[PDB]
Amino acid sequence: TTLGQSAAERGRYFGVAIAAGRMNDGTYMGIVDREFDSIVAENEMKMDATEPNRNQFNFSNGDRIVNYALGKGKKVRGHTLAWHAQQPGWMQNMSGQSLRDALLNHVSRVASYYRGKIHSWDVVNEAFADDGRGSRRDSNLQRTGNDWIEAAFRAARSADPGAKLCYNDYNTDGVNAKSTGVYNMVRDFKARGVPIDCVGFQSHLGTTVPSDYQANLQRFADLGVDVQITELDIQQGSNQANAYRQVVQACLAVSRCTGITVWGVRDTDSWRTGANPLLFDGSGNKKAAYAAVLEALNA
C-alpha cells in the first residue's frame with residue numbers, strides 16, 4: 001500500500017502540499033502521484049497569488065495545481081481565502097469598509113472560480129494571537145470589525161456551497177489559551193448557524209506531540225464540525241517517527257477527523273529548512289516516519 005490507499009480504507013484522506021515550481025521534478029511528481037489522495041497549493045492560492053491588483057485576478061499557477069489534482073483523481077484543499085499574511089500590496093494599505101469590501105470580493109470571486117473543484121477551503125487562516133490569552137490577532141482585517149471571520153464564511157458559502165469551509169490555525173494542537181479561543185469562536189458560530197464545516201490544525205510540531213492532542217481534536221468534533229490536520233510537519237529526532245504515529249492514531253481515534261495533510265513531499269522541499277520534518281528525504285526515500293504512518297493506518 002500507499003498512505004492514501006490505506007487512509008481511505010479508514011474513511012480518511014492523506015494529503016500533501018505541493019509547489020508548482022517542483023512539478024517538473026520527476027521523482028517529486030512520482031511520490032505525489034502515488035502516496036497522496038489530497039493536494040494543497042503551498043503558495044499559489046493565497047491572496048497575493050490570486051489577486052495581484054484590486055479586483056483583478058490571476059489563477060494561472062493555482063490552476064496548474066488544481067487541475068493536476070483533479071486529473072489524477074485526487075481531492076483538493078483550498079489555501080486560503082483570507083489571511084493577514086501575504087496580502088497583495090494594494091490590500092495591506094487599505095482599511096475600514098473598503099478593506100472589508102475588498103476582502104469579501106476576494107473570497108467570493110476566488111471561491112466562485114474554483115466552485116465544484118474544492119473539497120475544502122481554508123476560508124480564514126490564523127486569526128488568533130499567540131499571546132496566552134486566546135485573543136484575536138490585531139490585523140487590518142480584524143480592525144474592520146470583529147465579525148470579519150463570520151462575513152468571510154458567509155461569502156464563501158454563497159460562492160461555493162459544496163465546499164467544506166474550514167478555519168485553520170497553528171499553536172492549537174493541545175488544550176491551550178489559543179485553541180480555546182478558536183474553540184469559543186467556533187462554538188458561537190455553530191450556536192448561531194454561521195456556515196463553518198471544519199476546523200484545521202496546522203500542527204507544525206516541534207519534536208513531540210501534546211499529551212492532549214486527541215482530547216483537543218475531540219472537543220472540536222463534538223461541536224459538530226469535522227477536523228483536519230492541515231500542514232503537518234514534525235522536527236527531526238529520535239521521537240520523530242513516534243510523533244507521526246501519534247498524530248495519525250489521534251485522528252483515527254476521533255470519528256470526525258477526516259484526514260491528514262503533511263506540508264511537503266521531501267525534507268529538502270520544506271519551508272522549515274534544516275528541520276527535516278517530513279516523510280521523505282531529499283533522495284526521495286521513505287523515512288522511518290513513513291513506516292510509522294503506514295503502520296498506524298493499518299494497525
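The figures that follow rest on heavy atoms only: side chains count, while hydrogens, waters and symmetry mates do not. Residue numbers count from 1 along this sequence.
Sorted by first and then second residue, the salt bridge (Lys or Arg N to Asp or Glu O under 4.0 Å) pairs involving residues 62-73 (not counting sequence neighbours) are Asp33-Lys72. Listed by first and then second residue, the salt bridge (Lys or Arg N to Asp or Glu O under 4.0 Å) pairs that reach into residues 6-32 are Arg22-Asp269, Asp25-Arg266, sequence neighbours excluded. For residues 209-218, no pair satisfies salt bridge (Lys or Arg N to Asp or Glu O under 4.0 Å), with sequence neighbours left out.
Nearest approach of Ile149 to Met185, heavy atoms of both residues: CD1-SD, 3.5 Å.
With 3.5 Å as the limit, one finds no donor-acceptor pair spanning the side chains of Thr258 and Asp226. Using a 3.5 Å distance cut-off with no hydrogens or angles, the side chains of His84 and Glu126 do not pair a donor with an acceptor.
Ring pair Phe220/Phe201: centre-to-centre distance below 6.0 Å.
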- Query: Yes or no on side chain to side chain contact (heavy atoms under 4.5 Å, CB included) for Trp83 and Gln87, after CA distance, side-chain angles and deciding distance?
  - Reply: CA-CA 7 Å; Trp83 192 19; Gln87 291 183 23; over 6 Å; no

- Task: Assess whether side chain to side chain contact (heavy atoms under 4.5 Å, CB included) is satisfied between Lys117 and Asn67, documenting all intermediate values.
- Result: CA-CA 9 Å; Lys117 318 199 238 154; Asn67 289 313; 4.0 Å; yes

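Atom NZ in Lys75 sits 11.5 Å away from atom CG in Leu70 (nearest 0.5 Å).
In this view, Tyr113 and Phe59 satisfy the ring-ring contact (aromatic ring centres under 6.0 Å, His included) rule, not counting sequence neighbours. Listed by chain and residue number, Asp267 satisfy the salt bridge (charged side-chain N to carboxylate O under 4.0 Å, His left out) test with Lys287 (two or more places apart in sequence, or in another chain).
Between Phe57 and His106, the ring-plane angle classifies as parallel under the 30° and 60° cut-offs.
Around atom CZ of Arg154, no more than 12 heavy atoms belonging to other residues, nucleotides or ligands sit under 6.0 Å away. Atom CZ of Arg187 is surrounded by 12 or fewer heavy atoms from other residues, nucleotides or ligands within 6.0 Å.
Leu104 forms part of no hydrophobic cluster, judged by ILVMFWY side-chain heavy-atom separations under 4.5 Å.
Between the side chain of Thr180 and the backbone N or O of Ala177, no donor-acceptor pair lies under 3.5 Å.
By the 4.0 Å N-to-carboxylate-O rule, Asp131 lies too far from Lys178 to be salt-bridged with it. Classification of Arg109 and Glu51 as a salt-bridged pair fails, no side-chain N sitting under 4.0 Å from a carboxylate O.
Screening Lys164, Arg157, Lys190 for a salt bridge (charged side-chain N to carboxylate O under 4.0 Å, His left out) involving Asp197 leaves a single residue, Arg157.
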